[PDB]
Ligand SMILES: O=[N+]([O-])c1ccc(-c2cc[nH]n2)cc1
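Okay, so here's just one chain, in structure tokens, the form deposited without the named molecule.
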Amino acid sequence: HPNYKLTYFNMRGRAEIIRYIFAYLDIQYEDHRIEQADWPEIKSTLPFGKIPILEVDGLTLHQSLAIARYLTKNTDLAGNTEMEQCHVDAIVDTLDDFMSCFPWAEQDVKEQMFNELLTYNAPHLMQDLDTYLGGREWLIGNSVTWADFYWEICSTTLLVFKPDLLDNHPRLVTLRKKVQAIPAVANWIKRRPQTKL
């Protein structure tokens, strides 16, 4: 059981998937939340200059989904078979692709691009996700995976900007609530720092 230090901004953002996994697996970690003012110094010490990073016994890992996958290796969150693991990885990247389209660090052009993505593109993605879910209980297989975690995390952020995101997708709302009801996840959701994003 190694020493884990997670470094990110004071927000859910790209660190939250790692935080859900730690909560579910009951893994102790330091939730290091930096202020924007401390970032220049920290940024200059990192191999690839981006966060989140996870220090594992002092060894710096980067890329939130690479880290998430590493932490879920040989756990019940990974997918029950090699093929299920592929399906999990694919859903995660499909979600991450969409979230990465938003110009988070871009006013005017930023506001325009956000409205276009939320209004013209998000509903299409929600439909494809609902279709993929196909009336089943979880996105992949017969039990929860970190793809379901990431679905709940990404949709929570999208709902902040688009409250009607899932008005045509009650089954996707049901999946969100199912993830949110998992005791370890429910406990983290009620206890985590309250931030907008």
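In case it trips you up, residue 1 is the first one in the sequence shown, and so on.
What comes next is about the form deposited with the named molecule bound, which does not appear here.
- Interface residue remark: residue 11 is counted as part of the site for the named molecule in the deposited complex, having a heavy atom within 4.5 Å.
- The closest non-hydrogen atom of residue 146 lies beyond 4.5 Å of the named molecule in the deposited complex.
- Contact check for residue 96: a non-hydrogen atom falls within 4.5 Å of the named molecule in the deposited complex.
- Taken together, the three residues 24, 56 and 70 all stay farther than 4.5 Å from the named molecule in the deposited complex, as judged by their closest heavy atom.
- Residues from 159-197 that approach the named molecule in the deposited complex with a non-hydrogen atom within 4.5 Å are limited to 197.
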